[PDB]
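Trainee:
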Amino acid sequence: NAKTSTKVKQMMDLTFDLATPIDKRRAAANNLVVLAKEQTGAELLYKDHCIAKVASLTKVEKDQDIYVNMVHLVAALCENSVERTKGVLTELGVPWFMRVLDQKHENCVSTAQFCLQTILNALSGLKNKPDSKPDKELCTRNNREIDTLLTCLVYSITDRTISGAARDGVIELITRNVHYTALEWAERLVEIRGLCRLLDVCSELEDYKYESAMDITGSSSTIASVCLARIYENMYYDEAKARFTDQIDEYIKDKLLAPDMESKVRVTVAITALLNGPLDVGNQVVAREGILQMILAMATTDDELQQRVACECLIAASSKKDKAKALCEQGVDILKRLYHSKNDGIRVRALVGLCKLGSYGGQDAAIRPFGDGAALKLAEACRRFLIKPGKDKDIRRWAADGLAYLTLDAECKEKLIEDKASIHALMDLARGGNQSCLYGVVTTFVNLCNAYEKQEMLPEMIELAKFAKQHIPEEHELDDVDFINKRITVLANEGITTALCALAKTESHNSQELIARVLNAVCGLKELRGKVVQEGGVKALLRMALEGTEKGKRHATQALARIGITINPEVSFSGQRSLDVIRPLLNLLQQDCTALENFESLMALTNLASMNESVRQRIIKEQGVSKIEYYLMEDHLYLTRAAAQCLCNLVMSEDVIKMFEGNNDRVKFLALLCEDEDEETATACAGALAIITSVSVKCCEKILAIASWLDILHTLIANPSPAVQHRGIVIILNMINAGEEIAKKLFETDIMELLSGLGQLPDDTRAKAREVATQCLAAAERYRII
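In the entry's author numbering, the protein residues as written are 138 to 923.
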């Protein structure tokens with residue numbers, strides 16, 4: 138370790154003395170390198186009081202590049218070290234990270250969050266790997282620090298010291314970690330009265346700032362609602378959902394005494410955020426009570442502020458098919474009135490209120506919603522708000538909430554996709570990352586792509602769904618297809634991938650499902666796969682494939698499968714990515730997925746298995762061999778080919794070979810697949826079995842154990858496919874060379890005679906087979922000399 142030590146000190150130095158200029162950065166970006174996990178690397182910088190030097194350099198440091206690489210440095214050191222972590226928590230305070238968050242320069246928030254995460258990780262045994270759970274043990278030993286960490290975060294939520302960006306980053310951090318049960322953060326947070334604190338952020342008004350104000354962003358109310366909801370998803374028993382709703386209920390009662398306008402305006406804005414979050418709780422609260430009456434009342438006054446706020450609440454109240462049919466009675470009349478307001482922000486909100494109510498229920502009567510031209514009319518209204526240059530505002534967020542409903546209508550989809558100015562407006566909105574417009578904009582995109590969940594018809598006899606099939610069902614009926622594709626193309630072409638990645642920041646599984654639907658839809662066109670990759674699609678989809686809705690994950694995985702088929706995986710999935718993706722892809726191989734999902738998975742896995750022994754290795758450890766194998770027994774013209782082709786790349790790993798050596802019919806069935814009518818299927822199999830017999834004497838024996846293996850070997854030798862026969866005679870050589878007693882069973886049959894017919898002949902179509910055959914005869918000579 139002589140070497141390492143010296144460089145460390147060389148770099149430590151260059152970095153911290155302000156002499157070295159653009160030389161400083163070299164040391165930094167490189168400093169960070171040497172720690173990278175490597176213990177004998179970190180152990181030192183910790184020991185040469187690096188943590189301290191970083192605390193000095195950072196308060197003075199003005200170059201944003203060096204500054205960031207410094208925080209990475211702190212993270213690198215904590216990584217998987219309870220010690221250096223505990224140690225680091227003492228030398229800088231948790232509040233030192235909470236300051237990196239509030240630094241108002243670029244890339245701070247992501248990096249701050251990465252340390253905090255790394256810290257939370259080391260303390261609890263969490264590894265920064267997909268589907269890692271925390272060590273129950275380390276969660277007890279360090280529960281003091283783990284908890285000191287949570288309480289820090291909850292107390293940062295409403296802290297008026299920090300700016301919006303940082304508040305978001307904090308709330309996000311909490312959303313991400315609440316679900317792990319060995320941490321009990323869901324419960325622990327509800328004790329510290331975290332819910333009230335989240336609600337406080339929700340009811341912070343971004344327009345009119347009442348005297349008591351914290352700095353927020355467009356995404357603050359949304360981000361906070363998703364948190365509220367995620368926390369509730371983890372109130373497991375009935376008693377815990379109790380404590381939750383009770384805390385909320387209480388928080389409302391409190392605000393509703395001394396009901397000045399501020400107190401009223403805030404409670405309703407919070408209730409709105411609460412419906413748009415944990416819906417049941419939102420509803421149990423609207424019930425108790427006559428807050429419905431209170432809202433209607435506010436909507437009826439003549440102050441545009443109560444109007445505004447009350448609309449959003451009405452709009453939010455309608456999120457039940459049940460409580461909307463119940464709501465129209467009284468409220469619709471107010472909405473129609475507000476729909477006539479000269480106040481743009483009010484009109485548009487009222488318009489969304491009405492589009493939402495109007496949307497139920499376009500399956501039931503089979504009769505489409507907004508008949509008789511209402512759909513086109515309302516859409517035109519939304520178009521005008523969307524383009525409206527006159528207010529450069531969040532009036533657009535609502536225009537698009539509107540189109541998320543109208544766009545279910547065919548004619549509407551079509552006007553909209555023709556309307557380039559509006560497609561740009563929508564792109565500019567998503568591109569601007571503002572989380573409050575995700576639902577509207579992305580749903581509109583889903584609609585235009587026809588990517589909404591179709592009517593799912595399932596089979597009696599699931600086990601037979603794929604058997605013997607000779608064709609894979611198109612996703613769309615033939616009339617629709619070309620219009621749909623023209624549409625998906627105009628989206629892809631105005632950079633919908635970058636725009637959605639901007640939004641993918643979200644922690645909402647349901648929000649991720651929408652995004653995953655649109656990206657899958659794009660990847661459905663091979664010509665567009667290129668773009669998606671180059672606009673950063675793979676990183677987003679990979680996250681979305683590992684954590685989300687069962688359906689959302691599915692869509693995201695299939696979109697990755699598609700990219701994998703067309704952009705070589707050595708490029709689209711290097712390097713850690715090629716490993717992370719394997720688990721999700723194997724899940725597309727299950728019986729309840731579509732033949733298309735199976736096929737696109739098999740194809741991608743074949744490509745992935747071709748990379749290195751490392752990716753093969755992950756495929757194996759995840760039970761993948763048997764999951765893929767299943768398809769060889771369907772007589773499916775595409776599924777079986779793909780599976781055979783994939784398997785032909787797995788046998789490159791000796792560990793797979795050992796599977797063929799065991800007690801099973803892997804060698805049997807692979808040999809029988811050699812007689813397959815489909816050339817490519819037969820080629821992959823004889824290829825694979827050639828590879829196997831080339832390295833496994835035991836496998837050559839298993840072949841001789843097959844019912845009428847000689848019949849099988851005749852078929853190979855005389856195969857019309859010059860490729861199969863080449864692979865086939867190679868198998869025979871591999872057996873001959875495997876041992877005298879295998880060779881002898883062979884020499885007892887007409888095989889050697891047969892093979893003496895394929896004499897050497899360099900320029901022939903079958904030159905290769907002739908060559909291997911000549912060597913077969915020659916091998917049988919070595920034996921006879923003895």
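Here a beta-carbon is modelled for each residue, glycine too, at the ideal position from N, C-alpha and C.
Could you tell me whether the segment 523-535 touches the segment 309-322, using the rule of 3 or more Cβ pairs below 8 Å?
Mentor: No: the two stretches stay apart, fewer than three of their Cβ pairs being nearer than 8 Å.
Trainee: Can you find at least 3 beta carbon pairs, one from the segment 391-402 and one from the segment 360-372, that sit closer than 8 Å?
Mentor: The segment 391-402, when compared against the segment 360-372, does not touch it at the 8 Å Cβ threshold.
Trainee: If we count Cβ pairs, one from each stretch, closer than 8 Å, do we get three or more for the segment 678-685 versus the segment 600-616?
Mentor: With a cut-off of 8 Å, the segment 600-616 and the segment 678-685 do not count as touching, because too few Cβ pairs lie within range.
Trainee: Drop a sphere of 10 angstroms on the beta-carbon of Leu595, count the other beta-carbons inside from all chains shown, and report buried for 16 or more, exposed for fewer.
Mentor: Label assigned to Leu595: exposed.
Trainee: Whose C-beta lies closer than 7 Å to the C-beta of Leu429 among residues of the same chain, with five residues either side of it excluded?
Mentor: Answer for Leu429: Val423, listed in chain order.
Trainee: Measure how close the beta-carbons of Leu745 and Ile719 come, nearest whole angstrom, since I'm counting them as under 8 Å.
Mentor: Right, the Cβ-Cβ distance comes to about 7 Å (below 8 Å), so this counts as a contact.
Trainee: On the three-state DSSP scale, how would you describe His851?
Mentor: Residue state, collapsed to three classes: helix.
Trainee: Beta-carbon within less than 6 Å of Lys190's beta-carbon, same chain only, minus the 5 sequence neighbours each way: which residues are those?
Mentor: Cβ within range, chain order: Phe153.
Trainee: On the three-state DSSP scale, how would you describe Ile923?
Mentor: If DSSP states are grouped into helix, strand and coil, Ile923 belongs with coil.
Trainee: Checking 8 Å against the spacing of the C-beta atoms, do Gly490 and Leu543 come in under that value?
Mentor: Not closer than 8 Å, so no.
Trainee: Quick test of your reading: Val211 and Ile188, contact by CB under 8 Å. State the CB separation rounded to the nearest angstrom.
Mentor: Going by Cβ atoms, the distance from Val211 to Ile188 rounds to 7 Å, so yes, they are a contact pair.
Trainee: Would DSSP call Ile843 helix, strand or coil?
Mentor: In this structure, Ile843 counts as coil in the three-state DSSP scheme.
Trainee: Would you report the Cα separation of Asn856 and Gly824, rounded to the nearest angstrom?
Mentor: Each residue's alpha carbon lies about 14 Å from the other.
Trainee: Grab the span of the alpha helix (DSSP H) containing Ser349 for me, first residue to last.
Mentor: Where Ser349 is concerned, there is no enclosing alpha helix (DSSP H), given that its DSSP letter is neither H nor E.
Trainee: Sort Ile283, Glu878, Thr911, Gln444 by Cα distance to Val315 and report the nearest one.
Mentor: Nearest of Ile283, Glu878, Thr911, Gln444 to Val315, Cα basis: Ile283.
Trainee: Quick one: measure Cβ to Cβ for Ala698 and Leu640, integer angstroms, because I've assumed they're closer than 8 Å.
Mentor: Between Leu640 and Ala698 the Cβ distance is about 23 Å, and since that is not below 8 Å, they are no contact.
Trainee: Could you give the uninterrupted runs of the alpha helix (DSSP H) lying entirely in the segment 150-234, keeping only those of 4 residues or more?
Mentor: With a minimum length of 4 residues, the continuous alpha helix (DSSP H) runs that stay inside the segment 150-234 are 160-172, 176-184, 187-197, 201-215, 219-228.
Trainee: Comparing C-alpha positions only, which one of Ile625, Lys839, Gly896, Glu885 sits nearest to residue 985?
Mentor: Examination of residue 985 is not possible in this model, given that the chain is present from 138 through 923 alone.
Trainee: Excluding the five sequence neighbours on either side, which residues of its own chain have a C-beta within less than 8 Å of the C-beta of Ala192, listed in chain order?
Mentor: Correct list, in chain order: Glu228, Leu229, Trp233.
Trainee: Can you give me the Cβ contacts of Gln912 inside the same chain, cut-off strictly under 8 Å, excluding the 5 residues immediately before and after it?
Mentor: Hits under 8 Å: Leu870.
Trainee: Please work out which residues of its chain come closer than 6 Å, Cβ to Cβ, to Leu841, disregarding the five sequence neighbours upstream and downstream, and give them in chain order.
Mentor: Answer for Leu841: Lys882, listed in chain order.
Trainee: What does the Cβ neighbour count give for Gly498, buried or exposed, with the cut at 16 atoms within 10 Å?
Mentor: Flag for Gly498 reads exposed.
Trainee: Which term fits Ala906, buried or exposed, when burial requires 16 or more other beta carbons within 10 angstroms of its beta carbon?
Mentor: Label assigned to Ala906: buried.
Trainee: Taking its Cβ as the centre, do 16 or more other Cβ atoms sit within 10 Å of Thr359, making it buried, or is it exposed?
Mentor: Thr359 comes out buried.
Trainee: Could you check where the alpha helix (DSSP H) with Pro721 kicks off and where it finishes?
Mentor: Taken as a continuous stretch (DSSP letters only), the alpha helix (DSSP H) holding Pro721 covers 719-724.
Trainee: Is the beta carbon of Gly673 less than 8 Å from the beta carbon of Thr703?
Mentor: The answer is no: Cβ separation not under 8 Å.
Trainee: Kindly indicate the opening and closing residues of the alpha helix (DSSP H) around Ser293.
Mentor: Per DSSP, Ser293 belongs to the alpha helix (DSSP H) from 280-294.
Trainee: For my contact list, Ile385 and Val404 are in at a C-beta cut-off of 8 Å; report their separation, rounded to the angstrom.
Mentor: The Cβ separation is near 11 Å, so there is no contact.
Trainee: With a threshold of 16 other CB atoms inside 10 Å of the CB of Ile554, please say whether the residue is buried or exposed.
Mentor: Looking at its Cβ environment, which holds 16 or more other Cβ atoms inside 10 Å, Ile554 is buried.
Trainee: Enumerate in chain order the residues of its own chain whose CB-to-CB distance from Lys493 is below 7 Å, with the five nearest sequence positions on each side excluded.
Mentor: Hits under 7 Å: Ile452, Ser455, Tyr542.
Trainee: Let me know the secondary structure DSSP gives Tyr476 once reduced to three states.
Mentor: Correct three-state label for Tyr476: coil.
Trainee: CB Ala682 to CB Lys688, shorter than 8 Å?
Mentor: Contact flag unset, no.
Trainee: Going by the CB atoms, is the gap between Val655 and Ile700 shorter than 8 Å?
Mentor: No, they are not a contact pair.
Trainee: Among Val446, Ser496, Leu488, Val485, which one has its Cα closest to the Cα of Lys462?
Mentor: It is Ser496.
Trainee: In chain order, which continuous runs of the alpha helix (DSSP H) of length 4 or greater are located wholly inside the segment 428-506?
Mentor: Taking only runs of at least 4 residues, the alpha helix (DSSP H) segments lying wholly in the segment 428-506 are 428-437, 441-454, 458-462, 465-475, 481-495.
Trainee: Label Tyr775 either buried or exposed according to how many other C-beta atoms from any shown protein chain fall within 10 Å of its C-beta, with 16 as the threshold for buried.
Mentor: Buried, by the Cβ-count rule.
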